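K.L.:
Quick one, query05.pdb (PDB, C-alpha atoms and all ligand atoms):
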ATOM      1  CA  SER A  94     175.137 167.135  28.019
ATOM      2  CA  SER A  95     177.789 165.411  25.807
ATOM      3  CA  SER A  96     179.219 161.919  26.531
ATOM      4  CA  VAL A  97     182.088 161.559  23.998
ATOM      5  CA  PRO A  98     185.132 162.790  26.018
ATOM      6  CA  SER A  99     187.353 165.377  24.359
ATOM      7  CA  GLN A 100     190.759 164.175  23.106
ATOM      8  CA  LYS A 101     192.136 167.674  22.409
ATOM      9  CA  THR A 102     195.659 168.273  23.695
ATOM     10  CA  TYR A 103     195.672 170.987  26.355
ATOM     11  CA  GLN A 104     198.844 171.817  28.333
ATOM     12  CA  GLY A 105     196.933 174.321  30.510
ATOM     13  CA  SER A 106     198.369 176.430  33.318
ATOM     14  CA  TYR A 107     200.850 173.846  34.596
ATOM     15  CA  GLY A 108     202.397 172.892  31.198
ATOM     16  CA  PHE A 109     201.106 169.304  31.425
ATOM     17  CA  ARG A 110     202.239 166.665  28.904
ATOM     18  CA  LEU A 111     203.193 162.996  28.774
ATOM     19  CA  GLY A 112     206.505 161.287  28.161
ATOM     20  CA  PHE A 113     207.508 157.729  27.346
ATOM     21  CA  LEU A 114     210.660 155.674  27.881
ATOM     22  CA  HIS A 115     212.987 154.765  25.015
ATOM     23  CA  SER A 116     212.526 150.983  25.101
ATOM     24  CA  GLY A 117     213.467 150.018  21.502
ATOM     25  CA  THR A 118     211.855 147.290  19.406
ATOM     26  CA  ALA A 119     213.591 144.035  20.455
ATOM     27  CA  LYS A 120     211.280 141.017  20.391
ATOM     28  CA  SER A 121     211.711 140.778  24.204
ATOM     29  CA  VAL A 122     210.279 144.300  24.798
ATOM     30  CA  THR A 123     206.942 144.360  26.671
ATOM     31  CA  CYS A 124     206.068 148.054  26.170
ATOM     32  CA  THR A 125     207.411 150.428  23.499
ATOM     33  CA  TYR A 126     206.350 153.844  22.276
ATOM     34  CA  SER A 127     206.322 155.207  18.720
ATOM     35  CA  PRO A 128     206.564 159.046  18.537
ATOM     36  CA  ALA A 129     205.947 159.057  14.778
ATOM     37  CA  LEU A 130     202.632 157.284  15.261
ATOM     38  CA  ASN A 131     201.974 158.672  18.818
ATOM     39  CA  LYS A 132     201.237 155.060  19.687
ATOM     40  CA  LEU A 133     202.103 152.760  22.600
ATOM     41  CA  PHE A 134     202.513 149.033  21.849
ATOM     42  CA  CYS A 135     202.344 146.780  24.901
ATOM     43  CA  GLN A 136     201.798 143.189  25.944
ATOM     44  CA  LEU A 137     198.722 142.066  27.807
ATOM     45  CA  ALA A 138     198.733 143.066  31.487
ATOM     46  CA  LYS A 139     202.383 144.189  31.468
ATOM     47  CA  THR A 140     203.680 147.383  33.058
ATOM     48  CA  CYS A 141     203.356 150.488  30.865
ATOM     49  CA  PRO A 142     205.326 153.415  32.359
ATOM     50  CA  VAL A 143     203.929 156.801  31.435
ATOM     51  CA  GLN A 144     205.752 159.960  32.495
ATOM     52  CA  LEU A 145     203.851 163.018  33.660
ATOM     53  CA  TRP A 146     205.666 166.289  32.993
ATOM     54  CA  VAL A 147     204.741 169.731  34.292
ATOM     55  CA  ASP A 148     206.381 173.167  34.080
ATOM     56  CA  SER A 149     205.057 173.975  37.580
ATOM     57  CA  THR A 150     203.805 171.928  40.507
ATOM     58  CA  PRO A 151     199.987 171.721  40.639
ATOM     59  CA  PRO A 152     198.162 172.110  43.974
ATOM     60  CA  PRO A 153     197.787 169.335  46.607
ATOM     61  CA  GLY A 154     194.788 167.194  45.659
ATOM     62  CA  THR A 155     195.466 167.388  41.922
ATOM     63  CA  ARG A 156     194.720 164.026  40.256
ATOM     64  CA  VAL A 157     195.524 162.174  37.011
ATOM     65  CA  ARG A 158     192.860 160.143  35.202
ATOM     66  CA  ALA A 159     193.165 157.658  32.342
ATOM     67  CA  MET A 160     190.302 156.728  30.020
ATOM     68  CA  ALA A 161     190.158 154.760  26.760
ATOM     69  CA  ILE A 162     188.000 155.707  23.754
ATOM     70  CA  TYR A 163     187.742 154.179  20.286
ATOM     71  CA  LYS A 164     189.775 156.170  17.803
ATOM     72  CA  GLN A 165     187.466 155.727  14.782
ATOM     73  CA  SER A 166     184.502 158.131  14.378
ATOM     74  CA  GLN A 167     181.972 155.360  14.003
ATOM     75  CA  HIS A 168     183.095 153.641  17.259
ATOM     76  CA  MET A 169     183.750 156.708  19.436
ATOM     77  CA  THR A 170     180.336 156.612  21.136
ATOM     78  CA  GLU A 171     180.850 152.980  22.253
ATOM     79  CA  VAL A 172     182.292 152.404  25.742
ATOM     80  CA  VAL A 173     185.675 150.707  25.652
ATOM     81  CA  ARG A 174     185.494 147.695  27.940
ATOM     82  CA  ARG A 175     187.061 144.288  28.407
ATOM     83  CA  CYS A 176     185.889 141.392  26.226
ATOM     84  CA  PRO A 177     183.336 138.749  27.385
ATOM     85  CA  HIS A 178     186.243 136.377  28.164
ATOM     86  CA  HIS A 179     188.593 138.678  30.137
ATOM     87  CA  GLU A 180     185.846 140.327  32.184
ATOM     88  CA  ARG A 181     185.043 136.851  33.539
ATOM     89  CA  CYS A 182     188.661 135.698  34.217
ATOM     90  CA  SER A 183     188.945 136.335  37.928
ATOM     91  CA  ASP A 184     192.119 138.359  37.454
ATOM     92  CA  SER A 185     191.094 141.003  39.995
ATOM     93  CA  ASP A 186     194.066 142.842  41.515
ATOM     94  CA  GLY A 187     191.955 143.682  44.541
ATOM     95  CA  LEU A 188     190.740 147.071  43.303
ATOM     96  CA  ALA A 189     190.009 147.250  39.577
ATOM     97  CA  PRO A 190     186.494 146.217  38.550
ATOM     98  CA  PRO A 191     186.633 143.251  36.125
ATOM     99  CA  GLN A 192     185.193 145.177  33.159
ATOM    100  CA  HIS A 193     187.902 147.915  33.178
ATOM    101  CA  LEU A 194     190.527 147.787  30.399
ATOM    102  CA  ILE A 195     192.961 150.151  32.089
ATOM    103  CA  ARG A 196     194.438 149.521  35.523
ATOM    104  CA  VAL A 197     197.068 151.315  37.545
ATOM    105  CA  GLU A 198     199.730 149.060  39.062
ATOM    106  CA  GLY A 199     201.175 149.531  42.546
ATOM    107  CA  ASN A 200     199.137 152.490  43.844
ATOM    108  CA  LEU A 201     196.885 152.069  46.898
ATOM    109  CA  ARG A 202     195.087 155.329  46.162
ATOM    110  CA  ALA A 203     193.917 154.371  42.646
ATOM    111  CA  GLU A 204     190.179 154.851  42.258
ATOM    112  CA  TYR A 205     188.051 153.318  39.510
ATOM    113  CA  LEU A 206     185.017 155.176  38.180
ATOM    114  CA  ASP A 207     182.027 153.836  36.308
ATOM    115  CA  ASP A 208     180.474 157.096  35.241
ATOM    116  CA  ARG A 209     176.764 157.108  36.243
ATOM    117  CA  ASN A 210     175.804 159.198  33.192
ATOM    118  CA  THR A 211     178.169 158.170  30.357
ATOM    119  CA  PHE A 212     178.885 154.607  31.523
ATOM    120  CA  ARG A 213     182.580 155.150  30.662
ATOM    121  CA  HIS A 214     185.332 153.652  32.797
ATOM    122  CA  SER A 215     188.414 155.412  34.136
ATOM    123  CA  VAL A 216     191.100 155.067  36.759
ATOM    124  CA  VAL A 217     192.381 158.096  38.706
ATOM    125  CA  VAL A 218     195.308 158.564  41.116
ATOM    126  CA  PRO A 219     196.719 161.530  43.095
ATOM    127  CA  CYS A 220     199.299 163.518  41.143
ATOM    128  CA  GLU A 221     202.461 163.132  43.233
ATOM    129  CA  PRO A 222     205.543 165.455  42.909
ATOM    130  CA  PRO A 223     208.764 163.924  41.461
ATOM    131  CA  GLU A 224     210.935 161.999  43.906
ATOM    132  CA  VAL A 225     214.360 163.428  44.733
ATOM    133  CA  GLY A 226     216.582 162.779  41.730
ATOM    134  CA  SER A 227     213.674 162.631  39.232
ATOM    135  CA  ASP A 228     212.362 165.426  37.021
ATOM    136  CA  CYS A 229     209.000 163.721  36.477
ATOM    137  CA  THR A 230     206.543 161.300  38.002
ATOM    138  CA  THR A 231     205.739 157.993  36.380
ATOM    139  CA  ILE A 232     202.438 156.100  36.498
ATOM    140  CA  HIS A 233     202.403 152.361  35.712
ATOM    141  CA  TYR A 234     199.387 151.371  33.624
ATOM    142  CA  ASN A 235     198.255 147.916  32.589
ATOM    143  CA  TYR A 236     195.956 147.069  29.676
ATOM    144  CA  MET A 237     193.949 143.951  30.436
ATOM    145  CA  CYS A 238     192.760 142.905  26.950
ATOM    146  CA  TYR A 239     194.320 142.493  23.524
ATOM    147  CA  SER A 240     193.378 144.908  20.757
ATOM    148  CA  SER A 241     192.188 141.745  18.937
ATOM    149  CA  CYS A 242     189.875 140.430  21.692
ATOM    150  CA  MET A 243     186.604 139.271  20.120
ATOM    151  CA  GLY A 244     183.527 140.906  21.634
ATOM    152  CA  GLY A 245     185.825 143.571  23.134
ATOM    153  CA  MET A 246     188.061 145.926  21.170
ATOM    154  CA  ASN A 247     187.834 143.422  18.272
ATOM    155  CA  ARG A 248     190.838 144.919  16.388
ATOM    156  CA  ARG A 249     189.447 148.485  16.654
ATOM    157  CA  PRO A 250     192.156 151.033  17.593
ATOM    158  CA  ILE A 251     191.845 152.892  20.889
ATOM    159  CA  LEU A 252     193.211 156.068  22.376
ATOM    160  CA  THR A 253     194.090 156.574  25.996
ATOM    161  CA  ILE A 254     193.185 160.066  27.218
ATOM    162  CA  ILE A 255     195.120 161.301  30.256
ATOM    163  CA  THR A 256     193.658 164.273  32.109
ATOM    164  CA  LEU A 257     195.162 166.340  34.875
ATOM    165  CA  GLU A 258     192.257 167.356  37.153
ATOM    166  CA  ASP A 259     191.713 169.460  40.268
ATOM    167  CA  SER A 260     190.152 167.910  43.409
ATOM    168  CA  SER A 261     186.624 168.536  41.993
ATOM    169  CA  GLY A 262     187.435 166.785  38.708
ATOM    170  CA  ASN A 263     187.754 170.060  36.694
ATOM    171  CA  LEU A 264     190.137 169.938  33.699
ATOM    172  CA  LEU A 265     193.666 171.288  34.214
ATOM    173  CA  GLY A 266     195.423 169.543  31.317
ATOM    174  CA  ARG A 267     195.031 166.852  28.687
ATOM    175  CA  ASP A 268     197.137 164.596  26.492
ATOM    176  CA  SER A 269     196.546 161.349  24.597
ATOM    177  CA  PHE A 270     198.115 158.463  22.684
ATOM    178  CA  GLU A 271     197.000 155.484  20.630
ATOM    179  CA  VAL A 272     197.443 151.987  22.108
ATOM    180  CA  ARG A 273     197.846 148.548  20.601
ATOM    181  CA  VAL A 274     197.842 145.666  23.044
ATOM    182  CA  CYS A 275     199.572 142.825  21.227
ATOM    183  CA  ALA A 276     201.820 139.756  21.634
ATOM    184  CA  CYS A 277     204.930 141.255  19.922
ATOM    185  CA  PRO A 278     204.994 145.065  20.474
ATOM    186  CA  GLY A 279     208.540 145.428  19.117
ATOM    187  CA  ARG A 280     207.726 143.730  15.835
ATOM    188  CA  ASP A 281     204.359 145.464  15.489
ATOM    189  CA  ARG A 282     205.940 148.876  16.089
ATOM    190  CA  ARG A 283     208.637 148.247  13.428
ATOM    191  CA  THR A 284     205.887 147.142  11.000
ATOM    192  CA  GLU A 285     203.596 150.124  11.537
ATOM    193  CA  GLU A 286     206.510 152.581  11.347
ATOM    194  CA  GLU A 287     207.619 150.942   8.076
ATOM    195  CA  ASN A 288     204.097 151.279   6.673
ATOM    196  CA  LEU A 289     204.035 154.977   7.622
ATOM    197  CA  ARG A 290     207.459 155.555   6.018
ATOM    198  CA  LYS A 291     206.299 153.843   2.798
ATOM    199  CA  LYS A 292     203.203 155.980   2.768
TER     200      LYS A 292
HETATM  201 ZN    ZN B 301     190.007 140.295  26.162
END
Once more with this new file: its structure as structure tokens, please.

P.N.:
Amino acid sequence: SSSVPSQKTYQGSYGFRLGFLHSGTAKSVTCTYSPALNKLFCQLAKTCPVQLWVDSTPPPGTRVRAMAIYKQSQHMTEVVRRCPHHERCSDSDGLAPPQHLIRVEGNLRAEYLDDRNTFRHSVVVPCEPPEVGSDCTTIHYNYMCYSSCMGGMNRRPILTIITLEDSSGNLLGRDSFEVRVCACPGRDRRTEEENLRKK
């Protein structure tokens, strides 16, 4: 009956967890991850590589879904969506509905859900085994609004929840991370890490 998605980490039977590239904090960087904050900083609409790690290969038809929720208690029940400006920008990639914050880049089998009961948005792809040479698979996400967008996120922090699901949509595994979509991810990461250190 509930409609706030769980954010509880759950490796489950296949040992599912995320990984992120070591991109550093140069002012040219477009996506960078802070382990200390469990937080991804990225530029608007730029590629965000997220690694999917498992201890064992899940069955054919396993899928991976991404969904954003507001991190603060008082905002958790509100659907995370694009702002009144971006949803009207005609920046369709062919597949993503205009209201969806999170897109997957470069995957023909990406499916976008507007949940009929909760009204939440998500994007889901087939979970593919690592290519020869790789130990993991990578999904490329894009975030299509700034954290600061007025009438959208409006400076409120979000989490992305990544779920590993069977072909029916049943939970196999879960992980999550905070996201800030910003003009200078490198600088903003250095700043927030400094603040944490000082605290
Ligand atoms: Zn926006």

K.L.:
With only C-alpha atoms and all ligand atoms counted, collect every polymer residue having an atom within 9 Å of ligand ZN 301 (chain B); state the result as a ChimeraX atom specification.

P.N.:
/A:174-180,194,237-247

K.L.:
Could the residues in this selection be written to a file with C-alpha atoms, as a JSON list (two decimals), in the coordinates of the input?

P.N.:
[["chain", "number", "residue", "atom", "x", "y", "z"],
["A", 174, "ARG", "CA", 185.49, 147.70, 27.94],
["A", 175, "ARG", "CA", 187.06, 144.29, 28.41],
["A", 176, "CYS", "CA", 185.89, 141.39, 26.23],
["A", 177, "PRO", "CA", 183.34, 138.75, 27.38],
["A", 178, "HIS", "CA", 186.24, 136.38, 28.16],
["A", 179, "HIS", "CA", 188.59, 138.68, 30.14],
["A", 180, "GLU", "CA", 185.85, 140.33, 32.18],
["A", 194, "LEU", "CA", 190.53, 147.79, 30.40],
["A", 237, "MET", "CA", 193.95, 143.95, 30.44],
["A", 238, "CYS", "CA", 192.76, 142.90, 26.95],
["A", 239, "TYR", "CA", 194.32, 142.49, 23.52],
["A", 240, "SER", "CA", 193.38, 144.91, 20.76],
["A", 241, "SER", "CA", 192.19, 141.74, 18.94],
["A", 242, "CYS", "CA", 189.88, 140.43, 21.69],
["A", 243, "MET", "CA", 186.60, 139.27, 20.12],
["A", 244, "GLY", "CA", 183.53, 140.91, 21.63],
["A", 245, "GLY", "CA", 185.82, 143.57, 23.13],
["A", 246, "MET", "CA", 188.06, 145.93, 21.17],
["A", 247, "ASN", "CA", 187.83, 143.42, 18.27]]

K.L.:
Report the closest atom pair, with its distance in Å rounded to one decimal, for each residue of range 217-242 of chain A that has an atom no farther than 8 Å from range 146-160 of chain A; count all atoms listed in the file, sort by chain and then rising residue number, and write it as CSV.

P.N.:
residue,atom,partner,partner_atom,distance
A:217,CA,A:158,CA,4.1
A:218,CA,A:157,CA,5.5
A:219,CA,A:156,CA,4.3
A:220,CA,A:156,CA,4.7
A:222,CA,A:150,CA,7.1
A:228,CA,A:146,CA,7.9
A:229,CA,A:146,CA,5.5
A:230,CA,A:146,CA,7.1

K.L.:
I'd like the neighbourhood of range 276-291 of chain A as a VMD selection string, where a residue qualifies if any of its atoms comes within 9 Å (using only C-alpha atoms), though same-chain residues fewer than 4 positions away should be ignored.

P.N.:
chain A and resid 117 to 127 129 to 130 132 to 137 239

K.L.:
Measure the distance from CA of residue 142 in chain A to CA of residue 233 in chain A in Å and round it to one decimal.

P.N.:
4.6 Å

K.L.:
Can you work out the spacing between CA of residue 264 in chain A and CA of residue 94 in chain A in Å, to one decimal?

P.N.:
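Result for CA of residue 264 in chain A versus CA of residue 94 in chain A: 16.3 Å, one decimal.
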
K.L.:
So how far away is CA of residue 275 in chain A from CA of residue 101 in chain A, in Å?

P.N.:
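Taking CA of residue 101 in chain A and CA of residue 275 in chain A, their separation equals 26.0 Å.
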
K.L.:
Using only C-alpha atoms, which residues sit within 7 Å of residue 195 in chain A once same-chain residues fewer than 4 positions away are excluded, as a PDB file with C-alpha atoms, keeping the file's coordinate frame?

P.N.:
ATOM      1  CA  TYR A 234     199.387 151.371  33.624  1.00  0.00           C
ATOM      2  CA  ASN A 235     198.255 147.916  32.589  1.00  0.00           C
ATOM      3  CA  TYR A 236     195.956 147.069  29.676  1.00  0.00           C
ATOM      4  CA  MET A 237     193.949 143.951  30.436  1.00  0.00           C
TER       5      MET A 237
END

K.L.:
Do you know which residues the PyMOL selection byres (((chain A and resi 108) around 12) and not hetatm) returns on this file, as a VMD selection string?

P.N.:
chain A and resid 102 to 107 109 to 111 145 to 151 257 265 to 268

K.L.:
Nearest to residue 201 in chain A among A:274, A:143, A:225, A:189, with distances taken over all atoms listed in the file: which residue is it?

P.N.:
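For residue 201 in chain A, the nearest of the candidates is A:189.
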